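Structure first, commentary second.
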Amino acid sequence: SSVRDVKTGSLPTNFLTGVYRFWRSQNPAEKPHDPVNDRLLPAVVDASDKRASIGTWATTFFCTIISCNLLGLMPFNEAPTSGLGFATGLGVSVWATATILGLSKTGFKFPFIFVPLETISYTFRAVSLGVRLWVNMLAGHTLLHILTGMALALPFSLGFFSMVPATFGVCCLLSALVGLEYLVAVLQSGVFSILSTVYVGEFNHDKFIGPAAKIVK
Amino acid sequence: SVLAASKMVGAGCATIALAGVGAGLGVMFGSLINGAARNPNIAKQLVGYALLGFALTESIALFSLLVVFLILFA
Amino acid sequence: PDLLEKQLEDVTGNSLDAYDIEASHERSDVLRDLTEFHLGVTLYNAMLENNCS
Amino acid sequence: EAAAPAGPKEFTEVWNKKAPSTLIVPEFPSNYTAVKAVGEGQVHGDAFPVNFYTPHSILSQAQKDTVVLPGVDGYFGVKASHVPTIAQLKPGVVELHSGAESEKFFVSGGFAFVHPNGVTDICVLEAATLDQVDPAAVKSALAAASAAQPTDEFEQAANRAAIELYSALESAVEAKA
Amino acid sequence: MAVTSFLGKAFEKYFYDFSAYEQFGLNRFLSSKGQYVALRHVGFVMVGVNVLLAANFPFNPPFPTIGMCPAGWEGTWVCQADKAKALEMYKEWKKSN
Amino acid sequence: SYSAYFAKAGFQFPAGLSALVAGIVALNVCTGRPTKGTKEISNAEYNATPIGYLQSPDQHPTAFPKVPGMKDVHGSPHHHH
Amino acid sequence: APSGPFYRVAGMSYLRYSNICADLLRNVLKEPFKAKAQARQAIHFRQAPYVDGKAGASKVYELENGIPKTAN
Amino acid sequence: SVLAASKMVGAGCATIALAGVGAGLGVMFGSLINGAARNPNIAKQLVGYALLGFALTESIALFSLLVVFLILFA
Amino acid sequence: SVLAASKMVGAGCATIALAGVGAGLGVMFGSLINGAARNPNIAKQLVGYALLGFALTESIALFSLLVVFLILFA
Amino acid sequence: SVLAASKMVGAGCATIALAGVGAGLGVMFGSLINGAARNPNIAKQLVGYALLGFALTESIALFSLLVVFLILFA
Amino acid sequence: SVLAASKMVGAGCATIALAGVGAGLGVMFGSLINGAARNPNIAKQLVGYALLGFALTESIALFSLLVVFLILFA
Amino acid sequence: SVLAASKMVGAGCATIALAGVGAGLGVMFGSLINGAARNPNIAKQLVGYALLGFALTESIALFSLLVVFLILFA
Amino acid sequence: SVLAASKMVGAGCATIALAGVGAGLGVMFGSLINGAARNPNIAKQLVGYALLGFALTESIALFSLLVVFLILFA
Amino acid sequence: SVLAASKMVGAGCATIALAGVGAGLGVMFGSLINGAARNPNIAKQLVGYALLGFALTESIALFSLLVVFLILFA
Amino acid sequence: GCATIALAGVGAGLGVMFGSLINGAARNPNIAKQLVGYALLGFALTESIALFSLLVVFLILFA
């Protein structure tokens, strides 16, 4: 009813500005032949709204996946992308969005001894896009569980605050593993959204309308 | 229980295909460093090819892990 | 070197790309050295021919 | 990308519009060369034209059959229909062979091109025959060149070039045939 | 107090100018603060592991131990590998103690 | 200059977080199945059995188990063994 | 600061490095040849920048030894 | 169930046939980076060659996976 | 049933010929990218040599797969 | 104890995929030394690409260590 | 039937000597590409050199496939 | 005693993942020699990348030795 | 009869040494192409070097075959 | 006859080092061609290094061929 | 039997080093003897791996 007031130059505004402009730079618009003026401006606008909103979708997926990844590094929290259904559902959703965008361009019709091997190599990226995120979010957490189980044998067996180099050399290793999991948590959201731009912008191609009649010279 | 033993040791001999991926991605991510030290002025084109190459070579690693999961829990 | 020279060489590909650059560093530096050597040679021959003429 | 296709012929045509018409076209360096790179031929089997040049000399222009060039990766050799090359040379011995007889020029460095038509143009500054160097002054100078080692990377780069040229001269003078 | 204003001021002063890298000296032993947080970090980890263990020490470990025993227990319920057998032994150790 | 206008409006949630929390709660409670370790039994059984026998050991683990697998409750000893 | 060979990163041009190498090859030559190689080594000229059209300070070279090994 | 048990270790040994295609996809997608760091202007022709060369060596991996799933489920 | 089991674990311990075949396809179709990155003028004759090298190194791929048909079914 | 022995001889066989990621990180951190020995003015971008490549190949290292505990304790 | 079961395991694990041969013909037919990309004058003579190499490094493929019939059918 | 006999060959088969770091450290530490013979001026920054690559490659030897330590000593 | 079964299962793992011979022949017959592409007038002498190296590696290939014959008929 | 069986299946897995010396000899005899195509006027000294390297590489081959009979016939 | 597979890696390393000697001798034939000194020193330093993987074989066989 009454919207909130926003300070200009806020840090989340500048961050989301940079993030949206980064994901919008991935699939840039195509330069026409005729220079853009009032003649070509409806062709530019109508080229602009036949292209998919891969900027908005890619920063949607970047924000939800980096938030769900960085949840796993807060205390008392799991990463939601560590679930199989969550992460692989995001992967199947990006593959299905690319497929629906590529099917609606032609006729909603689905496309000899080789092209089934291209179809199986295209249908697999549905599995790969989500399973890469899920297995990355599961593997570092599982390894962290196992190794802080192994670090927990030493102060249990030896004394508390005793034999400190043996537990120090594993607590330093565990700290470097949580740092690597921070780096993987940022990079897997980056890789998911880069691949969303690639897989969806493979089908982000239409005909430029252009001028069909011209008063030359 | 010989089937539920052979599944575990078959997955253990199944996941060694993560070696060749983990070396090919090493030479690709080293070729990124080399080619970005040759001319750094295209180092968002070459990182954009490095991530396409990484993400298209690790589909092999996910094929390997799918065969792992399908001979463990299937 | 490539400020305009290789930009004047590229036709359906390039004519400079026939040669294997056997430099220490990249082609952008072997042409950087090679055009200073070309300027020195041309300037030397110019002011030698001009003195004899 | 190459939207200004210049040359002697285009400059002749455009220069007849802006200069006064009585002035004859200024000459170009193309007009004194009968040999080009893309002009195919000049090969004739085993011997190839070796244009060993110098700013103050022309040391060879007749056809030879094998040339040992001291590139910066190492010594390489050129036979007749070699691959096109633009090779920067480190200070080393350019060996010209016509058969059993070899003339050994120790050069100072500077580039050496091999063109598609098999012409090779060795282009170095100081290209001495290895007869006219003494074996005494090289280590005599390298003992001082291994001493003045400042933090001045201009002078240190000059020292690097000094010790490398002097070391190559030493290793080429003990290793005579 | 004001329930959130004094807390904010107190945490602000503790966060900013309270330093145990200056109130304890420590520049003689540690080189720089980039090395101090790399040891304070693993020190927080080590004392957290030790407080979490010491807050309940008579426990059979869920984590796989390395066949090592803490103290003079050595065959009792805190080291018995099968957890059902260890629970059966703990239910006897409980009513005695 | 304008710094005291933004300190007046304090913390505020994102402008549609009610719908997100309602959607996630409505996904976690409108499951269409029993609640993770229970089974829909008849009315005669729920009226006839104690609440000590409706409980299960697997669904009440101990809050800080001294032995892994310690359960708070013990359930019915009338097993089908 | 620049990116190239060991002479190029040190601010030096290529021609100065190659002439430094030519000079150090000349200094160790044979005595029937080293004196006549001093003819091709001398640098005697002058220059003067011209900023406004006719004013400018002078810069004179008198070098009989070769190129300056010191910084340009 | 040795007839049931042997197919698991067989398919586990058979999915190692993707280690080398992971290494080859790594060297090819690193070679594209080092080749596109030579001339960035032909870097559409290079990726057009890379995806063709990928799709004809990913088919080797797919042949390995067809042998894996005809040993496992056929 | 040790015969029908071990012919399947044998042909399953057989397919990793395709690993090294794929690694060779990777080095070959990466050497194509470097070679056509040097001179794009002959960038179709190089792909012709690439496909002839593909079809004459696939020879080994079909030589592995027909032999694992002889282990699985002959 | 056929499966409780098989999990150990599979998990020992499962961790040999770490050799590939060790060789990959060796070549990727050697390529860093070559790239920072070419032009040390861009030498802090290349360490940044070495850490990206290190993270995206420790991806595959932790994949292998995921399955080495998925067949041990899972 | 450990004789015939073992010989089908042996002829299975025999043909994984085709891995390095596939990688070898890949390296050869890849360096053919930049060898033709260096000087295209010699490319029909140079592919004659490549096929002379191929017809003698295929001898290893024949040397591995005759022993598969020596194991299966001898 | 099939489990305690299992863990010994599990550790033996497990420790061959150190071969990959023993080759990757070798090729990185030869990469430093071939990068320092080019410019011996700045050959002490590159050791600061040699030890960083050695640490981040040893991490794999550390992971392999802890999977060895956990197979042996549960 | 585990002896006459071990003959075949050991011969199949005996002939695995042909992969390295195929890879070695491939890099030598690829370097033949590269070397004859540099200066194609030494191509006769370089083919004479390639066949000498091919014979001196068929030394070890026929050693591998004499071992695979000596554990089948001796 | 389990011991004579183990000698044959041990000699089979003992002649695997012939792959490694074959690949080493192949890279050495490819470098022979590459170095003889750099400067063909040094080619006889290069062959005098190549055959020394062959004879010293086959020292490893004969040390491995030492054990392929010392476990069979001793 | 499977213990002597470590001679494959030593053969590959020696073939790489003795191929690099052929390349480095073809790059400056003046220094074609000090490089062979480094070659045989590195060869003797990689016969440590060969004799280690042989003493494991007779420590397996004779012990």
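Odds and ends about this structure:
Each chain carries a letter (A, B, C, D, E, F, G, H, I, J, K, L, M, N and O) given by its place in the written order, and its residues are counted from 1.
Basically, contacts are C-beta pairs under 8 Å (C-beta built on N, C-alpha and C of every residue); 3 or more make two chains touch, one makes a residue touch a chain.
Counting C-beta pairs in contact across D-K and across A-E gives the higher total for A-E. Counted by residue number, the contact pairs of B-H are over half the same as those of H-I, the matching pair from B-I, I-M or H-I.
If you average the Cα atoms of chain B and of chain K, the two centres end up 26 Å apart.
Distance between chain centres (mean CA atoms), chain J to chain K: 30 Å.
Each chain gets a centre from the mean of its Cα atoms; for chain A and chain G, those two points are 58 Å apart.
Centroids of chain B and chain E (each the mean of its C-alpha atoms) stand 38 Å apart.
Residues of chain B found to touch two or more other chains are 2, 5-6, 9-13, 16-27, 29-32, 34, 36, 38-39, 50, 52, 54, 58-59, 61, 63, 65, 68. Shown for chain E are the residues that touch two or more other chains, namely 61-62, 64-66. The multi-chain contact residues of chain D, meaning those touching 2 or more other chains, are 73-77, 79, 81, 83-84, 110, 153, 156, 160.
Residue ranges on chain J touching chain G, taken from their complex, read 38-39, 41-42.
The touching residues of chain H, when paired with chain K in their complex, are 20, 24. Those residues of chain A whose C-beta lies close enough to touch chain F in the complex are 3-5, 7. Chain J meets chain A in the complex at residues 51-52, 55-56, 58-59, 62-63, 65-66, 69-70, 73.
The touching residues of chain A, when paired with chain L in their complex, are 146-147, 150, 173, 176.
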